[PDB]
Structure formats: C-alpha cells, structure tokens
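*Asks:* Structure below; questions to follow.
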Number of protein chains: 4
Amino acid sequence: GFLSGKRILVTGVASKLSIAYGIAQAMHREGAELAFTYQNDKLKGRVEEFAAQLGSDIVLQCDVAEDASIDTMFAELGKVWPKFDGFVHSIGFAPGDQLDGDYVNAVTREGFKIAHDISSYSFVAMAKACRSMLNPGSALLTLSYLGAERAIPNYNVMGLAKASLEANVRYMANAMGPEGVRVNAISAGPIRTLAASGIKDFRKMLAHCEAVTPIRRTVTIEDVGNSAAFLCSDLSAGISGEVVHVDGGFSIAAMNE
Amino acid sequence: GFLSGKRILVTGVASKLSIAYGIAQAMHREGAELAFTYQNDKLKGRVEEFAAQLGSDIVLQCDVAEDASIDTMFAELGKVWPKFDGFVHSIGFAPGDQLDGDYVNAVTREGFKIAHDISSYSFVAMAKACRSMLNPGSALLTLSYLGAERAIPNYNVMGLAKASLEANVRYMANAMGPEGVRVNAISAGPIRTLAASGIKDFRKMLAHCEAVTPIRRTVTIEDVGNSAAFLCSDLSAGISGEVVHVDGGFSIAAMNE
Amino acid sequence: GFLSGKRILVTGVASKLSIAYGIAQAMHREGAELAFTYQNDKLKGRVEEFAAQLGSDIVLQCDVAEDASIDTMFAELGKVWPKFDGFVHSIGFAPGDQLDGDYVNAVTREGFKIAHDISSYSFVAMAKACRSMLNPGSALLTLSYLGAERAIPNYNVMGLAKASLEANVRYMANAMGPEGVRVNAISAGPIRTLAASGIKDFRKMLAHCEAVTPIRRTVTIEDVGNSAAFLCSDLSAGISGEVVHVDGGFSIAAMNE
Amino acid sequence: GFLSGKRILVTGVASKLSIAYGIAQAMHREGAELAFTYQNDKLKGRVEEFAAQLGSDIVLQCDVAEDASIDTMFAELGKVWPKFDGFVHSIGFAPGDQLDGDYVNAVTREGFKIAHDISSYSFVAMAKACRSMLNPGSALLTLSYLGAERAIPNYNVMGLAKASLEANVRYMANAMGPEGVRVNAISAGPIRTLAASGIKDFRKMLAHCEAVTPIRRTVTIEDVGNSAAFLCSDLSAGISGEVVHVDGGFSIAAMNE
Ligand SMILES: NC(=O)c1ccc[n+]([C@@H]2O[C@H](COP(=O)([O-])OP(=O)(O)OC[C@H]3O[C@@H](n4cnc5c(N)ncnc54)[C@H](O)[C@@H]3O)[C@@H](O)[C@H]2O)c1
Ligand SMILES: NC(=O)c1ccc[n+]([C@@H]2O[C@H](COP(=O)([O-])OP(=O)(O)OC[C@H]3O[C@@H](n4cnc5c(N)ncnc54)[C@H](O)[C@@H]3O)[C@@H](O)[C@H]2O)c1
Ligand SMILES: NC(=O)c1ccc[n+]([C@@H]2O[C@H](COP(=O)([O-])OP(=O)(O)OC[C@H]3O[C@@H](n4cnc5c(N)ncnc54)[C@H](O)[C@@H]3O)[C@@H](O)[C@H]2O)c1
Ligand SMILES: NC(=O)c1ccc[n+]([C@@H]2O[C@H](COP(=O)([O-])OP(=O)(O)OC[C@H]3O[C@@H](n4cnc5c(N)ncnc54)[C@H](O)[C@@H]3O)[C@@H](O)[C@H]2O)c1
Ligand SMILES: Cc1ccc(Cn2cnc(-c3cccs3)c2)cc1
Ligand SMILES: Cc1ccc(Cn2cnc(-c3cccs3)c2)cc1
Ligand SMILES: Cc1ccc(Cn2cnc(-c3cccs3)c2)cc1
Ligand SMILES: Cc1ccc(Cn2cnc(-c3cccs3)c2)cc1
C-alpha cells in the first residue's frame, strides 16, 4: 500500500474504539510495519493482542509523564528499529474534575499542569527522544480537537492543552522540517471511544453534530485512520505544520440549526 | 489504487507543468478513470494527447465563462458517464494589468469581475451543472493560494478571487454534503508553471520560499497531485469544506529570515 | 472626543436602524465632522434629515455601481473637503433570489456578479477615487459578517461576497498603509435593520444567538458604532488589515447548546 | 474620558518601557482609577513611584506563581476596592534556556511547565480569585504575540504558552460572559522592553518588521495602550473572546520582501 516500507510507532491504543486503533489498522492495511507502546500494566496484554493481530511484536511500555520512561522506550525500540519513519501520538489527559462544568470554576493550577504536560508536552518530548532515530521523509502525527480553536462547554482546560498542542505542531514542524521531518495534526470530530464517559452530555453532542455536520454523520475512527495513514505517507510530502480537520465539515458551517 | 472505480473529471490541463497535469497523473496512478476538458482550440490537441497517455479518450471543450459551454460539456460527458464521482477544478484567471503592482491602483471594476467569475464562480457553476450526475461519495476539489488569507504583493485582486473561492468551498460543502458530496481545496505553494510568467519577481519568490519553508523546498505538482488524489478518494471521507495547505509549512512559520 | 478634528464620510444611512446610523451617531458624539451620501432620490430627503441632526449638510448622492457616480460624488465633496480622514463603507447587496435556500441552487452567475461588485469591489472603488484626498492618519472602515468565514444557511452568495470583501481589506491595507492609511473591517453580529426582512427566519436566528452568545445578547448598532468610531480614530493607530469581531463572542464559542 | 468611573487593576509594570506602563498611562488619561501590583521587592518602590504619578496608592505585591500570593493580594485590594471593573494581565515568563535556538532541542519539561503556568494559567488564576469582586460590565485583558499562531524562531515554548493563553481567553470569555464579564487579548507587534535582551537578534527583527509592516513602523506602547484602554471600556461592549492584533498589519501581509 502507500505505507509499504514505513516503520511507524503507534501510541495510544487502549481498545478497539480507540482512535489509535483505527489508525493502526489503516496503516497496517497500506503496508506499514508497526510498533506499539502501552501506558501501564492494565493495558499491556490488550495492546500485545492487537499488535499481534497487526503482525507486530514490538510492544513497549511508555508513560509520557516520565522522561525516563520515554528514553527507555526509545532505547528498546532501537534494538530492533535503529531508525524508523515517525510515530502517531494518540495520548491525552486531564484530571476528572477538570472537564465538568464552568471552566473558570473547574480549572485549577495542577489540573492545568497535568492537562498540558500529558496532552501537549508529551508530543515534543517523544520527538525530542527519537530525533536521531528518525529517517528523512519521516512524519509525526498527533490528534487534536476543535476545542483548541473555539470554546466548547465542559472541554475546559483541554481546549487550552490542545491549543498548546497545535502550536507545538507548528514549532516542531519548523525545527524538524530541515532534516526531513514533517509534523501534522488531525482535528477529529467527536467519536464514541473510552474518552466519551468523562465528558458531560456526550451522546447528546453526537446527535447534534450529526444533524448539523455537512456530511450529516459523525466521523469514524476508520475515517480518521485513513487520513492519518495519508498524513504519515510520502503522499503528503508537501504538508507540514498542518492541522487537518477530519470532522465532516462541522467546523466550517454555522447556525445549521 | 485508492481511486480504482472512481470516474473523475479533470479541468485545467494546459501543459506538463500544469498542476492539473500532476494531479491527473497521480489520480491515474491510483486507478481512477479520467475525463478531461480543454478551454479552446489552442489547447485541444495537447489535452487530447495527455488524455490518451492516461488511457482516457473523453476530451471535451469547456470555457467556464459560458454557462452554455458548461451545460453542453456536461451533456456530452453524460453520454458516456451518466454518473461520475466528482471533478478537479484547476482554473483561474485575471487580466494582465491586474497582477502588476499597487493593488489599489491596479484593480478595476472589470478586472475584479473577470477575476471572480472565472476564478471563483466557475467552481460552483460546474457543480451546479452536474449536481444530478454526481454519485454519492463524490468529491469536488479546487486549488487556491495563500493570497486568499494574506496580502501578497502583486497577487492583488486574485487574492480576493481566491478568498471568494475558499468561501465557495464552504457553502458548497454545506449544501452538497447531505447528498454524498464533499468539496475541498488545496492551498498550494508557488510552483513554476505557465502562471509564473504573469507574476512579478517569480523566480525570486521561489528562492525566498525554499529558504524559509519548513521542508526547505517548494512543493511539486507531484506533491499536489498526491494530496489531490487523496482528497478525491474515500480515504478522506471525513474531510469536507477544508482548505488543506500543501505548501511545505510556509504558511505556519513567521520571520524565518 | 477621540474623533475631534476628523472629517469622516459615512456611507449607507438608510434608516434609524441602519448600522450606518449607529456609527454616525457615535462618531458625531466623539467630535468628528461628518459628510454623508445616499444611494438615490428615494433616500435623498431622509439622509438629509439625519445629516442635519448630526450637524452636517454634506449629503451627496452615490451609487457604487457606477464608477462615474463615485467620481462625481468625490468631486462635490472635494469642493468642501479638499482633504478628509476616511470613510465608512456600510453597503451590501445581492438580488433577492440569491438569499433563500440551497446555495448551490440559488446562486446564479449574475447574482454572484452583482453580489461581489456591490458588496466587495465598491469598497476599493471608493478608495481608488479619493486616495489622493486622504490625509495621513486616515482610516477606512467596512462591515463584514461571520458568513465570510463559515457557511451559514441562506446567506449563500453573500458569504462569498464578504469573504472577498475581507480579503479586500487586507490588500487595501497593505497597499495604502505606506502612505498613512489604515483599512479595517468590523464583523458584526446579526442586528435588526432593513437586511432583516430579506433573510430566511431572521427572528429565529436572533433568538438563537442571544441564547448562545457569551454576552448573552445580540449586539446593538450602538455597540458597533463605538467599535467603528474607535477603528477610525487615532486610538487604533496600531491596527490595520484587521477584521474585528463585534458579535458578543458568538463566533469563538461552539456547541453552547 | 471613556474610562471615567472604572477601577482597573494593572499588572506587570516593570519599567517606563513596559507595555503595562503604556497601558496604565492611557487608561489613566481616559479617567480610570488604577491599582497596581508588583512581582517582588526589587520592583516595590519603582511601581510605587509610577502608581503615584498615575494618582494611585494601591500598590499590592503579587507573584502569580503562588495561588496564595494571588489570594492575599485580592484580599488587600478588597479592603479598598470591594468591587472593581477588570484587570490587565501583562505577565509572561519562560526560563532563559528555553528561548534560544532549535525549539526541539531547547524545550524541556520544566521549561514548558514554567512557561505555561506563568504565561497562561495565571491569567485564569487571577480571574478565579476575583470573580466575585468583579462588577457587571467588567473587562479582562491580556497581551499575546503572533508566536501563538505562527512558528517564530527562538520564541520556542513561549509560542505554545501564548497559544494556550489565547485559548484561555476564549474559555474564560464563554464562562464569564453570562455574568457581565468580557475577556480579550491584544496580539502586539514587537516592542523594545525588558523582553528585548532575552530573545535572539531582536534588533534585526524590529528592523525587518518596520520594513514589512503595512504601516511601515513598529507599534508603540502608546498604540497598544490605547487599544488596551478601549478594550477595557464600555466602548468595546460588543467584543469578547477576541485577540485583536495591534501589529501595524504585520501578520496580514506576506512576502512584502
Ligand atoms: N475520540 C474522540 O472523540 C476524540 C475526538 C477528537 C480528538 N481526540 C483525541 O485523540 C486522542 C486519543 O483519544 P481516544 O478517544 O482514542 O482515547 P482513548 O481513551 O482510547 O486512549 C487515550 C490514550 O491516552 C493514553 N495516555 C494517557 N496518559 C498517558 C500517559 N501518561 N502516557 C502514555 N499514554 C497515556 C492512554 O493510554 C490511552 O490509550 C487524544 O489526544 C484525544 O484528545 C479524541
Ligand atoms: N502553479 C502555481 O504556482 C499555483 C500555486 C497555487 C495555486 N495555483 C492555482 O492552481 C490552478 C491551476 O494553475 P496552474 O499553475 O496549473 O496553471 P496553468 O496556467 O497551467 O492552467 C490554468 C488553467 O486555467 C484554465 N482556464 C482559464 N480560463 C478558463 C476558462 N475561461 N475556462 C476554462 N478554463 C480556463 C486554462 O485553460 C488553464 O489550463 C489555479 O486555480 C491557480 O490559481 C497555482
Ligand atoms: N444587519 C446585520 O446584522 C449585518 C451583520 C453584519 C454586517 N452587516 C453589514 O453592514 C452593512 C450595513 O447594512 P445594514 O444592515 O446597515 O442595512 P441597511 O439596509 O441600512 O444598509 C445597506 C446599505 O447599502 C446601501 N446600498 C446598496 N446598494 C447600493 C449601491 N448600489 N450604492 C450605494 N449604496 C447602496 C443601501 O442603501 C443601504 O443603506 C452591510 O454591508 C451588511 O452586510 C450587516
Ligand atoms: N515586548 C513585546 O514586543 C511583546 C509582544 C507581544 C506581547 N507581549 C506580552 O506582553 C506582556 C508584557 O511584557 P512586557 O514586554 O511589557 O515586558 P516586561 O518585562 O515589562 O513585563 C513582563 C512582566 O511579567 C512580570 N512577571 C513575570 N513573572 C511574574 C510572576 N511570577 N508573577 C507576577 N509578575 C511576574 C514581570 O515582572 C514583568 O513586569 C508579556 O506577556 C509579553 O509576552 C510582549
Ligand atoms: C479524562 C480524559 C480522557 C481522555 C481524553 C481524551 N480526549 C481529548 N479530547 C476528547 C474529546 C473530544 C470530544 C469529546 S471528548 C477526549 C480526555 C480526558
Ligand atoms: C494571468 C494568470 C494566469 C494564471 C493564473 C493562475 N494563478 C493563480 N494563482 C497563481 C499564482 C500562485 C503563485 C504565484 S502565481 C497563478 C493567474 C493569473
Ligand atoms: C438580499 C440581501 C440584501 C441586503 C443584504 C445585506 N446584508 C448583509 N448581511 C446581512 C445580514 C446578516 C445577518 C442578518 S442580515 C444583510 C443581504 C441580502
Ligand atoms: C525568556 C523570556 C522572558 C520574558 C519573555 C516575555 N516575552 C514574551 N514575548 C516576548 C517578545 C515578543 C517579541 C519580542 S520579545 C517577550 C519572553 C522570554
């Protein structure tokens, strides 16, 4: 496929509903060789199962909150992939209290710190740690949400973390471009995944979106997966520092009441 | 390839340097069945030659300035493609006097009229005329330039025509989405094509861009072609109403002096 | 006031509800010397009355559809105001048929032509015609709508006209800046004026906005009037080429129910 | 003046060059009653002097890094100003090592942490702490930089901090709007202040901008001061959640040589 010969690292797989799952499948469909990472013991065997379904057996632990974890992960990957062609960063976090209700009243200094560190810093942290191992022609992908551009009720500090993330896409795209590395983001529409629970009135949101979205349907991880496969293939060599909205046109329309 | 089974109409092929040429090749590479249109007698045989190189023999005349031309073209296409899956609109025009020097002093009411009619209206005009012939899952693609978003010296009224074009992408994406049609645009970086002559200090521009562009190189029609192939394939079903910048990151950086 | 000693030309006063009326009141309050134009005889006397109230007896006719009309109006204005400090462009138009329903089915070549000529070009037409009469430190102002940036139902081709006008603002600003002229636009929230009748379900829209606008209320021509007076005074010297949104925050929020 | 009867809290006055100084002068001129804070003792006396000149003797200490510091400062302020009308957040910070060179190599976890806490969170921290002391019709203001939207060399992690801060503005605005509070930011062009020394080749940058900025000159703290005074007065009632660029048009133009 259009990814044949590419060795890509996919983070964030937690379940079959995971966006990183849809991406991994698609990337695997187009012929990329995948490696995976899991956050903790809770997820290890699951990811190991999915990795094996995708012909991969490179499943390493990684908690983006620990510089040492990252470093150690990239050290284990090297042993088998001395050089690779990028990675998908499908990670994100904010303490529970954070995404519920009035942003000003919900936000706290420590939640703000955690939301940013895990959701925005982690991206560069990982690039930082594997810079040397990247082959020219490499692509780094990340996922964001409209909440970075607009104020979405309950999204709260995550909006700020995403804004921070998108800017991180630009600065990393500018600094790494000279050595063959592109860096982009997909601003996906809401999808029903593990992240759904945490957010207030989700199932209600997904119904409103479907009715007001140009394509009249919410996007699927399949959809996202295909756009991610493309963004990590040479087919997109002219795109770098870009936040591609894969939301069925939701963001460009207004008052589709 | 990822376009196999798609019947796409490609407008704008004038020469091997043409952006629509790079797109046609790529689309042909991924297995789409192409049909072409030519503006006048001057271009007919050329396009006919390229069409034949791409296994196509559907070469129809079309001058987007004539509603009747458009209608007649779509009538001839129907005879062979009763239903198709979209079209690439690689057309654009502005009288010579228009793109030279001080915008305020250069712009005139008639140049403004022509620049918009050909560069922005034509897009919807064509969708208008083939709406019925479009298969659900159809994608319409158009090409724009950064001049729509920023003020570029000498680009002058074309900036306004492009702004108009991009907005046209949104409104058409919103109205057609409900019936299976997506509409997008590629905001490409400057490429040396027939359009180069018309613009002041081009070769100088292309050198400045290469030095300040994240990927440190200007994009190629190959680059654009691949992004267009993707935007017209089901791989991008989640993207609609989007202006994807295929400019190597030029637009997201600043003062890369 | 902050406009003391400024002679500003106010276009578009049609009624006491008109955005041009609110802006005139405001600049008048702030100490600017005003001059007004009217489209035709049907509005001659009225505008003459309003001008009177605002202490002005410079009420010149002007139909922006005629370069000749513009040229002659600036001729008459010169007789009294050899040099002035800017003008407010509060004109917009699109044939009735264009504004209701499916954009793709409503939009027609002439409609698109008329929409962009009156709503977008006229702004520069006027700049062209008085460029030499403008004092250093002048400011030109125009009114846009979020329809330029997003796809709003029924706004149809007017969305493209405004997108084109907003880009007109950036080109004009970059062109005239070096000679002491700033050009800006105000993207106003929906207001109840003569534009009310001609747009499908306005009342429903003005109730939705209020509900969802951060300031929980639609803006008033007073509100816009004050941002307008500020954008044409030296208080906004550092601002040019900008589209300041005066919509109570409407556009920055998303899914506020 | 247009700020008569407003009690505004001005943060960040470090020197006569400080953007906070220009803004204070401006609001003072317009008739607002001011209160000031200083980061530490090194700046106690100075700020006390400036405040004096501006007819104010409310000079409270505040280190935005301590929720405790903020809480106590609003305690003291309450004693005299039980209810006030807004505050100017003119604070920014990132450890020296973060700002020079390749962003990817310069950025470090703590740097990123410190950058976002001081430059982005503090804005909301302060809102949180005085939310109940704010009068209806209040306005909060912050200063951003184009670095949030584009990738500027050496701005590095500060680009992400500002991106995060700009999104803070939209969330805060959507949250506090319903209670009579507007929140806006000013994206100012480069100015010569205490931020000058710490950024690589500032002088070269301030000469480039002047050359390429539509108004052909860098903005002054006076310029910003006036946009600031306007954004915190009732003249901007219809404006909230907005990032008004006060950069002489710099960001709207492209390739102006
Ligand atoms: N699904 C949606 O509706 C949606 C929409 C738009 C954007 N997003 C974004 O897509 C990404 C993936 O979300 P999803 O819906 O697939 O979520 P998911 O809940 O399935 O997985 C999130 C991943 O985050 C990982 N993670 C959290 N902390 C980590 C850390 N400390 N170290 C390593 N891994 C860590 C988890 O292991 C998890 O697998 C996020 O950036 C999210 O914001 C999701
Ligand atoms: N090449 C560049 O540097 C560049 C960069 C960005 C955007 N663009 C855009 O890409 C498109 C294609 O440009 P290109 O560089 O490949 O140009 P090109 O000069 O090779 O071809 C332009 C096409 O416009 C067509 N055209 C003009 N008037 C027409 C009409 N009346 N009816 C039918 N066809 C008509 C011509 O036949 C021509 O083939 C345009 O929209 C252009 O703005 C070009
Ligand atoms: N009403 C709103 O909520 C809204 C929202 C955002 C922006 N605006 C814009 O502000 C502007 C002011 O419109 P308005 O709502 O004040 O309504 P209005 O009916 O008062 O003003 C529109 C003006 O354009 C004038 N005009 C039209 N064609 C003319 C021509 N050929 N030459 C000269 N004058 C002509 C009309 O006489 C009229 O005075 C419009 O451009 C509108 O798009 C309106
Ligand atoms: N100088 C420019 O051209 C530029 C451009 C755009 C925006 N801005 C922004 O405007 C703001 C004002 O900066 P400035 O240029 O006026 O320089 P400055 O040196 O006058 O002000 C920065 C202020 O932040 C204060 N500060 C930092 N950490 C503190 C903390 N822990 N708690 C409380 N106060 C602390 C500093 O004392 C100082 O007064 C900054 O946020 C800056 O990013 C500056
Ligand atoms: C608690 C938590 C778990 C997982 C996430 C990931 N996430 C980020 N954004 C989102 C959402 C986008 C749309 C609706 S929820 C989810 C965020 C918070
Ligand atoms: C005269 C003319 C011929 C062809 C075009 C097409 N065109 C549109 N934009 C461009 C350019 C983008 C970058 C540099 S020139 C070319 C425009 C004008
Ligand atoms: C048919 C027509 C005539 C005049 C206008 C002027 N106009 C521009 N924008 C608007 C409106 C925006 C929001 C509500 S009305 C009105 C628009 C359409
Ligand atoms: C190290 C550091 C300390 C303080 C700042 C404050 N700051 C923010 N933005 C700026 C500047 C933008 C343009 C020129 S200086 C300075 C930035 C970096």
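Residues 2-258, in that order, are what chain B shows, numbered as in Swiss-Prot.
According to its header, this structure was worked out by X-ray crystallography, 2.8 Å.
Any Cβ shown, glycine's included, is placed from N, Cα and C.
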*Asks:* According to Swiss-Prot, B:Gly13, B:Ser19, B:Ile20, B:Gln40, B:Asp64, B:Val65, B:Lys163, B:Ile192, B:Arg193, B:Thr194, B:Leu195, B:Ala196 bind NAD(+); so which of B:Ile92, B:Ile115, B:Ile240 is the extra one listed there?
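*Replies:* Matched candidate out of B:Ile92, B:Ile115, B:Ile240, per Swiss-Prot for NAD(+) with B:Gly13, B:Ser19, B:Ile20, B:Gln40, B:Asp64, B:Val65, B:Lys163, B:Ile192, B:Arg193, B:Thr194, B:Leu195, B:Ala196: B:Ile92.
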*Asks:* Which whole-number value in Å describes the distance between the Cα atoms of B:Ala196 (NAD(+) binding site) and B:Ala95 (substrate binding site)?
*Replies:* 11
*Asks:* Please list, in sequence order, the residues in the chain of B:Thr194 (NAD(+) binding site) that are at least six apart in sequence and whose C-beta is under 8 Å away from its C-beta.
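*Replies:* Same-chain residues close to B:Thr194 (NAD(+) binding site) (Cβ under 8 Å, separated by 6 or more) are B:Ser16, B:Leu18, B:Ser19, B:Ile20, B:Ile222.
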*Asks:* Quick check on the binding-site residues B:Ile20, B:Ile92, B:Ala95, B:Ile192, B:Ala196: which one has the highest count of other Cβ atoms within 10 Å of its Cβ?
*Replies:* B:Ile20
*Asks:* Which value in Å gives the longest Cα to Cα span across the NAD(+) site residues B:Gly13, B:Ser19, B:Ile20, B:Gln40, B:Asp64, B:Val65, B:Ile92, B:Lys163, B:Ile192, B:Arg193, B:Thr194, B:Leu195, B:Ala196 as recorded?
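*Replies:* So the maximum pairwise Cα distance among the NAD(+) binders is 24 Å.
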*Asks:* What does the structure give for the C-alpha distance between B:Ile192 (NAD(+) binding site) and B:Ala95 (substrate binding site)? Integer Å is fine.
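*Replies:* Per the Cα atoms, B:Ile192 (NAD(+) binding site) and B:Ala95 (substrate binding site) stand 18 Å apart.
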*Asks:* Taking only the Cα atoms, work out how far B:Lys201 (site 'Involved in acyl-ACP binding') lies from B:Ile92 (NAD(+) binding site), in Å, as a whole number.
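*Replies:* About 20 Å separate the Cα atoms of these two residues.
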*Asks:* Sequence gap of 6 or more, C-beta under 8 Å: which same-chain residues meet both conditions with respect to B:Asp64 (NAD(+) binding site)?
*Replies:* B:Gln40, B:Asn41, B:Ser70
*Asks:* Which one of these recorded positions, B:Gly13, B:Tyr156, B:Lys201, has the sparsest Cβ neighbourhood, judged by other Cβ atoms within 10 angstroms?
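*Replies:* Comparing Cβ neighbours within 10 Å for the recorded positions B:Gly13, B:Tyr156, B:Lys201, B:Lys201 has the fewest.
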*Asks:* Any of the recorded positions B:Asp64, B:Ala95, B:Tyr146, B:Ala196, B:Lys205 with a C-beta atom under 6 A from ligand 6? Give them in order, or none.
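*Replies:* List returned for ligand 6: B:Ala95, B:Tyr146, B:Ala196.
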